[PDB]
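Before any comments, here is the structure.
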Amino acid sequence: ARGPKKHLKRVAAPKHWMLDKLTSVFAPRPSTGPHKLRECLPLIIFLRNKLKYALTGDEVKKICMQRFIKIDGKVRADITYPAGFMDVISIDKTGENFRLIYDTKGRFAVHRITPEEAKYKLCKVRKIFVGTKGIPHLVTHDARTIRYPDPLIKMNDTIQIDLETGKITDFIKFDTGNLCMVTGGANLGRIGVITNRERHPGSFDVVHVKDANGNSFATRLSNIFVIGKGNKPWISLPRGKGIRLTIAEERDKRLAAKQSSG
Amino acid sequence: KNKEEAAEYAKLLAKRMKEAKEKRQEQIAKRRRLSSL
Amino acid sequence: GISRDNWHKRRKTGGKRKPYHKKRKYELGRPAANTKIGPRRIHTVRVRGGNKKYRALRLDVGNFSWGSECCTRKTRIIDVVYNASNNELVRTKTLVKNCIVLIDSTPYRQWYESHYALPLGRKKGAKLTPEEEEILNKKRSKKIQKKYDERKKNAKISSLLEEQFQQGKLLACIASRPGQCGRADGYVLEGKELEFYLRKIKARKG
Amino acid sequence: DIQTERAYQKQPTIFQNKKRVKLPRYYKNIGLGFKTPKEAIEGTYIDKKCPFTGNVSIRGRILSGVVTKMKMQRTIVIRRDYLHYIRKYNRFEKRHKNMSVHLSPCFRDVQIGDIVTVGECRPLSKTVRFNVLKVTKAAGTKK
Amino acid sequence: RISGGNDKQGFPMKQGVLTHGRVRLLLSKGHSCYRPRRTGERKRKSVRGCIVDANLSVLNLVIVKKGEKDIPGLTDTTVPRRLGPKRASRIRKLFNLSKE
RNA sequence: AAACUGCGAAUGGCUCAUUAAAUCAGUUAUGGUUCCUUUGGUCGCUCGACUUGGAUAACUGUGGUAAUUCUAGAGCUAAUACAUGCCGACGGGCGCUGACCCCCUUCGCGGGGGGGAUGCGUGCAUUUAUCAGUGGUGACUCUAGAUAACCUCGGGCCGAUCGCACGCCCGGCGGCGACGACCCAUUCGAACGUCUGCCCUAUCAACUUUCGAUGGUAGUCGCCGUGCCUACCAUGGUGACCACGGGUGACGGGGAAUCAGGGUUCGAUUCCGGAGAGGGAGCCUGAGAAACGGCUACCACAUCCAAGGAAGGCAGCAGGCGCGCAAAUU
C-alpha cells in the first residue's frame, strides 16, 4: 500500500474478538486511540457480540449516537473506538458498569463492576519523561500523559487514577510478591504473585510469576500488569480468578456442573 | 490549574526530598555505626 | 527524479541488481542548493510529512560563535577561502558545512573593547577621532573599574587572533547546513584548528 | 602523527580552544558489560565510527567471528562459520557468511585468526553494520 | 479597453502570452482559461495570443470612458446591483456610517 | 438546489508482467527516521479591537468553437477560503548593565561587604557555540538546566471561528459543546537496516573497478543511517562453503495434493507481504502517490472531426473481439 490501510478483513481480525467466519468479509477496524489494534476490543464488538444489546452494526450506531455509552468517564460516539484493558464502560440508562479484564482465556469477558468501583481505574505506566520546564511526565498503557506525578512511581509501576478528575490516588510499585495480571502472550489472563525478576541487558527482561495453586510460569516484562500490593487486588476479579485450570480439569468441572445441576 | 498543581507538586517533592534526606541521614547514620563498631 | 536508491547499484559481490520496482517518491533527490555570498535569498521547500526546509541560495550574514569567552554575533560573510571536500567550491564561492570563510571582526572587536575595555585591532600610531569608544575605554566608578581590572588581569588573546582582528577579518568554520536550515551559523577557528587551516590555505597558496 | 585529511579531525563533543592562564578526551562505557579498553581513553586517535570514542550506539544483536582480512583501512573482514541443517539428508553442511566490520584503532595489536566479538549498530557504510567490541587473541599465539 | 475574446476555432485569448497564434500552456489553479477538477491538477490547454489580428470570432470590449452620445443598446438601460452588502464593515463603508 | 470551504479520492477491487539474497518468512532494531487521524497532554509561561482588508464563485447578463466534465468578458455578494492584525494577563520577576548611595578596618590612599536611577535582553519552536551534571537506559553527543545569541518576508505557535440552554451580579463575570492549532506523547502505520533461510544451470570459473567496485575523510542531497551523490585519498570486495553470468511454463509466504517411516510435487487463486496499471519516463497536490477511475511528454495501438483540433487507458463489475483444449449475467 502507498498510504494507511482503512479496512480489516474478518479472517485477519485478532482471535480474542471471537468474530465468526461467515457473516461478513470485513471486521470492524478499530479507530486509532489509546489501545493497540490487536490488544483492544472495539465498542461495536462489546455492544453487539458480547452483550448482544444490538443485532446489527446500524443498531450500535443508534445506541452510541443517543450518547448512552461512557468509556472511562467520557462519552464516545464511535462504534470502532478501541476500548482496551482496565477501561470502564458505563452504560448509564441501563445503570450498569463494565471493566475490560482478560478472562482465563485470552478474550475480554463481561465483568460487571459496582458504580463505586467504576469511578477509578488502574493504569500501568510506559515511561517517565521530564517536560519543557523540569515538569515530570508519566505516560500510561492508554496514552494518558499525567504531568506532576509522585517521584517514587517508575516504569512498570501501576497508578490508580480517578476517572472524573484524571489524577492519581494510589500506586503499586513493581516489586516481588505483588499480584500480576498477564496482558500479552500465551499466559494472557493469568493472575499470580511476582516471585522473580530476571534482567537481560539489551534483550527482553523475563518475569517468573507464581499462581494461587503454585502453578509457576514466565512472561516477558512488557506483557505484565500489577493489580494489587501482596495478595489483595485493587479491582474485582472474574470467576476463574486468572488461575488457569488445565483442559483435563476444565472438562472435569464442566462435567461435574452439568451432571449435578440437571 | 498550572499554579495550583505546581504548588501541589512543590509540597509533594518537598515531602519526598525530606524523606530521601532522612535516608541520606540514615546512610550517614549507618556509616556512623560502622565507624563506632 | 534524481534518486537516493540503494537498488540502482552493485552488491558486495559485484553482482548487478535487476530493479523490481520503479523509482519511489521517498527515494528522492532534490538538486543541490549551492548557496552563494550575496543579498539574502532563501527558498522554502516542502519536504516529507508536510514539513518545511529552507534552501539558502544566497547568504551573506551568520550567527558565528567565538568559543574562547563564549560570545556569538550576527557577522557579515565576505569570502570563502578553503573547502576540504572539493577544491573548485572555493572559486565558485559556495557556502557548505565545514567551509573556511573570512567573516567581519567588528562585532567581536566591539564586544571585547566594551567588555575588557582594552584597545584590540587598532594599528599602533592612530587614534579614535569620534571619541566614542575612546570614552568607553576610560571614565568608570570606584568598584566597577576594580571589576574591569580583575577581568583585565586574565584578558590575554592569542597572537593569531590579534593578527586577524588587526586585518579586520576572522577565519570561521560553518557548522550549520545552509542548504538545509537556510542559515550560515558556525564558530571562529582557534588554537590547533586555526594553525591547521592556516597551514592548508598556505599549502594551497604556494 | 594524526590529522592527515584535508579537513581538521577532532572529537565533536570536547572543546579544545578554552583560554589558558594535554587535550581532554571523550569516551563512554558501551554497555553489555564490555570494558572500554585503555588505548581508547589514553590514546590520541579520532574515529567517528568507534563504539567507545565515536557517534555510534550498539543495540540489537551481539555476534562473533574470526578475523580473516585486515587490508581495508579502519575496517576488517571477519568470517562466521556455522552448520545449516538439511532435514532430508538428516545432516549439517558447513556454510560461511563473511561480513565487513569496523575495527576501532584502540585495538592496536590485532592479527588474522583472532576471535573478535561484534555489535549490531546503524550502518557505517554500504556493507558495514557492525563495530568490533572486544578481541580475544588466537589459540596459543602468546609470542 | 480590449479585454480580449475568442479565436475563430473558439480557443480563448490569454492575458500576456505575447503571441498572435495558438500556443499550448500548462494551466494550474490560479490561471485564466482553466478551472481545476482535482486539487493541484495542471492540464495542457491550448489558448490564443493576446496580440489581436483579423483571425478572431469575438473581441470582448469594455467601455471605460462614456462618449458624447447615449448608445441605445447599453447606457439607456439602467440595471441596479442584483445583491447588496452582507459584511457589516462593507455596509459601514457604503452608507458612510460611524462606529457608535 | 447550486456554489465556495473542509475532508475523502493513497483504502477497497483486479492481475501476476517484472522480480532468484531481490520479494518473502521467522528474528531484532530505529539511541538512525517520518506520521492526516485518534487518545491524553499543552494552548493569560513571551513584558511588547464590542471584531480589520478586498477579491471570487453560485446568481444575473452578453457570448465564441463542429466538438469536450471547453470556457471568456461584464454586473454583484459570503467565510473556519486568501490575507492582515491589537487589547488583556501586566504588577512585576530573572540575567547583564551601571549612574548614585550605605557600612566596617586603616593618619589616609588602600582593603572588604550591601542597596541602586537608566538602558539592553529574556516563553516554546528553529539554528549555532559554550558551561555544569532533575529524571532515565545495558549503554546518548538522552531528557531537563544555565549562558551567549540567531529568527529564513517563498514568514512556526501564542484563537478576528460556530452552535445549545442562558443565568447570576451596581456595563463586568460565567456553564455545555463544535471547529482549528505549535510542540510532546499515544495510535494507525510507513521507510531503512540485523541474524538466518530459495529452484535449475560449470556447454557460466573467475567476477566487481577512474560513467563507484570495497573502504577512509569532508561535504551535497535526503525525513533520517549509509558511495545515496560529489571531491580527494586508499586498493580493496566476492568465489569451489559454487561468486559472477544464464535459464525459469519463478511474485514470496501461510498453505494444497499424495504420503507407513522418509519424501515428492504444486501454491496465478479469496489471508499476510510485494509489484503493476499498454511500454518506459517525469511531476502536481497532499500526512501519505513517483497515484494512472490524477496530470505532462515520448513510443505503440486506437476514437470523434465542419481537417482547425479535441479526447483515451476494463491486469475494477458486467460485457464484446481475439486467443485458445480451457473459464458465467451488459
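Residue numbering: from 1, along the chain as shown.
Looks like electron microscopy, 3.2 Å, at least that's what the header says.
A Cβ is built for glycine as well, from the same backbone N, Cα and C atoms used for every other residue.
The annotation citrulline is assigned in Swiss-Prot to D:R20 on the grounds of similarity to another entry. Here Swiss-Prot flags D:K28, D:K35, D:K48 as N6-acetyllysine. The annotation S-palmitoyl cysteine is assigned in Swiss-Prot to D:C50 on the grounds of similarity to another entry. Annotation source Swiss-Prot lists phosphoserine at D:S57, D:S100, citing similarity to another entry. For D:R59, the entry in Swiss-Prot reads omega-N-methylarginine.
Sequence features annotated in Swiss-Prot and their locations in the structure.
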residue	record	Cβ within 10 Å
D:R20	citrulline	9
D:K28	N6-acetyllysine	14
D:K35	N6-acetyllysine	11
D:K48	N6-acetyllysine	13
D:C50	S-palmitoyl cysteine	26
D:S57	phosphoserine	13
D:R59	omega-N-methylarginine	13
D:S100	phosphoserine	19
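For the pair D:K28 (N6-acetyllysine) and D:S100 (phosphoserine), the Cα-Cα distance reads 24 Å. Recorded residues the residue listed as 'S-palmitoyl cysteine' and the residue listed as 'omega-N-methylarginine' have their alpha carbons 14 Å apart, per Cα-Cα distance.
When the C-beta distance to chain A is held to under 8 angstroms, the modified residues D:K28, D:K48, D:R59 reduce to D:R59, listed in sequence order. Separation of the C-alpha atoms of D:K48 (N6-acetyllysine) and D:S57 (phosphoserine): 11 Å, rounded to the nearest whole number.
Rounded to a whole number, the C-alpha distance linking D:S57 (phosphoserine) with the residue listed as 'citrulline' is 34 angstrom. Nearest to D:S100 (phosphoserine) in space, judged by Cα atoms and limited to the modified residues D:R20, D:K35, D:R59, is D:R59.
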